[PDB]
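Asks: here come the first chain(s), positioned as in the complex:
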Amino acid sequence: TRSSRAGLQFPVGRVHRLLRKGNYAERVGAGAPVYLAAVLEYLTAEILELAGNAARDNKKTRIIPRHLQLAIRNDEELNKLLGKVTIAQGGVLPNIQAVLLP
Amino acid sequence: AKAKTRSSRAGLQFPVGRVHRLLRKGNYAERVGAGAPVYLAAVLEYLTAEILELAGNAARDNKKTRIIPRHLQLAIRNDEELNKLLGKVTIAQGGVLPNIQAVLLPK
Amino acid sequence: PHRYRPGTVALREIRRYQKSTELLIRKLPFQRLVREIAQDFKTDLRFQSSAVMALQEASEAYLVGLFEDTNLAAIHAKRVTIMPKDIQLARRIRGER
Amino acid sequence: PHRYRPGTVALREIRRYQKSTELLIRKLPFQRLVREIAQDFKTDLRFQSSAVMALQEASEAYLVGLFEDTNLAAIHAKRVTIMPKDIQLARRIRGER
Amino acid sequence: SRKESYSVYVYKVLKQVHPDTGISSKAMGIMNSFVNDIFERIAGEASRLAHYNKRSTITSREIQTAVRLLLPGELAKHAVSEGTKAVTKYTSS
């Protein structure tokens, strides 16, 4: 399999057929789907490790969307990429303005 | 026989063959029909006529013969529908519509 | 008996309502309102339940965002209570109007 | 011996500027500022004048809108003079962080 | 080479609407860019809609749906009416 030839986990074939069938361009290259597989692997790996860290910070061994919300909103770079999106059943990080407190 | 342009068959003014060639070249889908480009050309013609009416009215209002970008900016800003369609676009050399806050006016 | 000074209970319920993830809005009145609104555009429609759930989620999130914005607007004027002027300000600035 | 009231020239210049459509910003300082900024990414770059003018138009329109927002936020606060709290609030509410 | 523009058509439309009004070149550039922007936006919405339905061709009706989605309110009402009038002209041939 081509995926193991580059030592990744995401499939080259699926992204290849998506790229050809999605009708973005007339012709496709050869190493480009591999590049996509790499970048997607990087993004998923980092977000999963962040979510797992946030989950084990709550003495939990399972990921829930609350953990995902807390992880996404706690990074300055990740918050910039996904600023304009709402996560289902995610809640909001706690914040209270200082003037309100007596 | 004598060749007739498709835009003349529909009575339109915007070219039809150009739209068809662009849609074929624009890589939007595998294949295109014949009834789409005429519809698209009609829509474009109607929109540009609608804008040109208000532009000409605005230019006439200030006793001027040509069209300047200030006139177009005033025409777009005056109509609420065109403003909504063009709510996040910057017209170069267009200026700003006059507006002065009421409280700031001296008593 | 022990009569709580006002504001402390109001200061409370931020801790519990910022850690909760519930919908906070009844289901049946919301579904009836959605059907009432949809009645105008086209009669005799049927609604998927998942669509109703997603609609509810989007609506409540939008209201939470608007309330955060209007609170930040209201704290500016050296005031603590919300006033509809603040709502008008918030919808005026961010481009909704 | 004839001096205007302190707040009457302002309206006259509001009128004459709002009926104006010129550039209002010097060309050479802006060009050298753009070159100074661009030297940090890839040295020995050759800008085009049309691109410089486009940057002028975009930036000036953005600033005009931002001061409109700031003026509105200030006039909400029972004040006339603008202070940096207003500009920071407007930037934050618009979402630019 | 050659550059393509919508200048002649829009000039003809102007002369059809207002008989005796002039045009500056900057306004012509504004009109060309506006037409290109509208065309691209409509075409993109139509192409996405055709993908959403597992289709493989471009007919008129999804263009109509895109017009109903994009143009705000009553301004669409004329436009659709302007479309159906035009297309049935061509079908008669």
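Replies: Sure thing, it's come through. Numbers count the residues shown, from 1 in each chain, chains lettered A, B, ... in the order given.
Asks: just want the residue of chain E that's nearest chain C.
Replies: residue E:68 (11.6 Å; Cβ to the nearest Cβ). In short, each C-beta sits where N, CA and C put it, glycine included.
Asks: which strand or helix spans that residue?
Replies: Assigned by DSSP states H and E, residue E:68 falls within helix E:60-70.
Asks: between the helix or strand just after that helix and helix E:60-70, how many degrees?
Replies: Next in sequence after helix E:60-70, counting helices and strands by DSSP H and E, comes helix E:74-92. When axes from the mean of the first three to the mean of the last three Cα atoms, to 10 degrees is applied, the directions of helix E:74-92 and helix E:60-70 differ by 170 degrees.
Asks: and chain B, is helix E:74-92 touching that?
Replies: Yes - shown here: helix E:74-92 in contact with chain B (Cβ under 8 Å from any Cβ of the partner chain) through E:74, E:75, E:78, E:79, E:82, E:83, E:85, E:86, E:87, E:89, E:90.
Asks: just the buried subset of those, please.
Replies: Listed as buried from the residues of helix E:74-92 next to chain B are E:75, E:79, E:82, E:83, E:86, E:87, E:90; burial here means 16 or more other Cβ atoms under 10 Å in any protein chain shown.
Asks: and the first one, how far from residue B:84?
Replies: Using Cβ to Cβ, to the nearest Å, residue E:75 is found at 9 Å from residue B:84.
Asks: in stretch C:72-79, what's buried?
Replies: Result for stretch C:72-79 [16+ other Cβ under 10 Å]: buried residues C:73, C:74, C:75, C:76, C:77.
Asks: show me what contacts the last one?
Replies: By Cβ atoms under 8 Å, 6 or more residues apart in numbering or on different chains, the contact set of residue C:77 is D:76, D:77, D:78.
Asks: what of residue E:75?
Replies: B:50, B:81, B:85.
Asks: and the next helix or strand past the helix or strand encompassing residue E:15?
Replies: Using DSSP H and E, the element containing residue E:15 is helix E:7-17. Of the helices and strands lying after helix E:7-17 in sequence (DSSP H and E), the nearest is helix E:25-52.
Asks: does that next one reach chain B?
Replies: Yes - interface with chain B: helix E:25-52 contributes E:26-27, E:30-31, E:34-35, E:38-39, E:42-44, E:46-47, E:50-51 (Cβ under 8 Å from any Cβ).
Asks: then stretch A:14-23?
Replies: Yes - judged by Cβ under 8 Å from any Cβ, stretch A:14-23 and chain B are in contact via residue A:23.
Asks: put chain F on too:
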Amino acid sequence: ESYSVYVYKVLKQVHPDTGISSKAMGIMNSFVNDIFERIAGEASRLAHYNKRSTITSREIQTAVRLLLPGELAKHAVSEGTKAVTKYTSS
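Replies: Same chains as before, plus chain F:
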């Protein structure tokens, strides 16, 4: 048709002792689809911009540089270049 087992395997690589819900699975699937859509669309648009006719590595590298914020871009392009050179090496 989803990316179900692949994210699970990646998690096993990074965290061998944690589980996820089905809702988290859906969030991951939708997020990956959205990011893929953004990258592919930007690549196509840029490929048309230069009167080009194919999608190559340069186009997608440029798109990744354009979309992601500053610090993540360096790591992403480095890992992608590593992957492509390992692939073309064999």
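Asks: let's see the buried residues of stretch C:72-79 again after adding chain F.
Replies: Neighbour-count burial for stretch C:72-79 flags C:73, C:74, C:75, C:76, C:77 (criterion: 16+ other Cβ under 10 Å).
Asks: isn't the fourth one up against residue D:88?
Replies: No - using Cβ atoms under 8 Å as the test, residue C:76 is too far from residue D:88 to be in contact (10.1 Å).
Asks: contact partners for the closest residue to residue E:11 other than its chain neighbours?
Replies: Of all residues not flanking residue E:11 in the chain, residue E:23 sits nearest, at 6.9 Å (Cβ to Cβ, 6 or more residues apart in numbering or on different chains). Shown in contact with residue E:23 (Cβ under 8 Å, 6+ apart): B:66, B:67, E:11, E:14.
Asks: now the phi/psi pair for the residue nearest the centre of chain A, please.
Replies: A centroid search over chain A (Cα atoms, centre = their mean) returns residue A:44, at 4.4 Å, as the residue closest to the centre. The phi and psi values for residue A:44, taken as degrees, to the nearest 10, are phi -60, psi -40.
Asks: please identify the helix or strand for the closest residue to residue C:89 other than its chain neighbours.
Replies: Counting by Cβ to Cβ, 6+ apart, residue C:89 lies nearest to residue C:73, which is 5.2 Å off, once chain neighbours are set aside. Taking DSSP H and E as the criterion, residue C:73 maps to helix C:49-76.
Asks: quick one: work out the angle between that helix and helix D:49-76.
Replies: Using the same axes, to 10 degrees: helix C:49-76 against helix D:49-76 is 70 degrees.
Asks: so which bits of helix C:49-76 are buried?
Replies: C:56, C:57, C:60, C:61, C:69, C:70, C:71, C:73, C:74, C:75, C:76.
Asks: tell me which two of those sit farthest apart.
Replies: Farthest pair in these (Cβ to Cβ) is C:56 and C:76. Separation: 31.3 Å.
Asks: re earlier: please state the offset of the helix holding residue C:73 from the chain centre?
Replies: Offset of helix C:49-76 from its chain centre (Cα atoms, centre = their mean, to the nearest Å): 5 Å.
Asks: likewise for stretch A:71-88?
Replies: 10 Å.
Asks: now stretch E:24-41
Replies: Using Cα atoms, centre = their mean, the offset of stretch E:24-41 from its chain centre is 12 Å.
Asks: what sits up against that stretch?
Replies: Stretch E:24-41 is touched from outside by B:19, B:22, B:40, B:44, B:47-48, B:51, B:66-69, B:71-72, B:91, B:93, E:5-7, E:10, E:70, with contacts defined as Cβ under 8 Å, 6+ apart.
Asks: report the entries of these that also contact chain D.
Replies: Within these, those near chain D by Cβ under 8 Å from any Cβ are B:69, B:93.
Asks: chain G follows; place it on the structure:
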Amino acid sequence: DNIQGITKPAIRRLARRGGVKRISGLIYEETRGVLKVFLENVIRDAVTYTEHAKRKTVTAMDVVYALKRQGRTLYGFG
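Replies: With chain G added, the chains above now look like this:
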């Protein structure tokens, strides 16, 4: 009439999650109006999308398409 289905305590709960101490009595009608206008703004696109496909039921994908059209992406329903 169904706009009165949103009682005061629901609005107060939403506001408390928003992080507020005190609310005036005039807020409720403004919140109701904003909510309502948001509803028709979404449902118009939703019904158009479901009408083009020649069906009689609004699936969840239609709502997701309607929300993404306005730039408010929602994750969780495919």
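Asks: so, the buried residues of stretch C:72-79 revisited with chain G in the model?
Replies: C:72, C:73, C:74, C:75, C:76, C:77.
Asks: what distance separates it from the centre of its chain?
Replies: Using Cα atoms, centre = their mean, the offset of stretch C:72-79 from its chain centre is 19 Å.
Asks: leaving out chain neighbours, which residue sits closest to the most centrally placed residue in chain C?
Replies: When Cα atoms, centre = their mean is applied to chain C, the residue found nearest the centroid is residue C:63 (3.5 Å). Spatially, and ignoring its direct neighbours in sequence, residue C:63 is nearest to residue G:14 (5.3 Å; Cβ to Cβ, 6+ apart).
Asks: which residues does that neighbour contact?
Replies: Taking Cβ under 8 Å, 6+ apart, one finds C:24, C:25, C:60, C:63, C:64, C:67 in contact with residue G:14.
Asks: hmm, stretch C:82-89 in reach of chain G?
Replies: Yes - for stretch C:82-89, a contact with chain G is found by Cβ under 8 Å from any Cβ, at C:82, C:83, C:84, C:87, C:88.
Asks: so the second one sits right up against residue C:74, yeah?
Replies: Yes - at 6.8 Å, residue C:83 counts as touching residue C:74 under the criterion of Cβ under 8 Å.
Asks: if I pick the residue in chain E positioned nearest to chain A, what's in contact with it?
Replies: Of all residues in chain E, the one sitting closest to chain A is residue E:51 (7.7 Å; Cβ to the nearest Cβ). Applying Cβ under 8 Å, 6+ apart to residue E:51 gives the contacts A:23, B:29.
Asks: test my guess that residue A:6 contacts residue A:36.
Replies: No - with contacts counted by Cβ under 8 Å, residue A:6 stays clear of residue A:36, the gap being 11.5 Å.
Asks: what does chain C have sitting close to chain B?
Replies: Within reach of chain B by Cβ under 8 Å from any Cβ, chain C has these residues: residue C:95.
Asks: run through the helices of chain G in chain order.
Replies: For chain G, applying DSSP state H gives helices covering G:8-18, G:27-52, G:60-69.
Asks: mind listing what's buried along the first one?
Replies: So the one you mean is helix G:8-18. Buried, per 16+ other Cβ under 10 Å, within helix G:8-18: G:10, G:11, G:12, G:13, G:14, G:15, G:16, G:17, G:18.
Asks: which residues touch the last one?
Replies: Counting by Cβ under 8 Å, 6+ apart, residue G:18 makes contact with C:63, C:64, C:67, C:68, C:71.
Asks: between those residues, which is closest to chain A?
Replies: Closest approach to chain A among these (Cβ to the nearest Cβ): residue C:64, at 6.5 Å.
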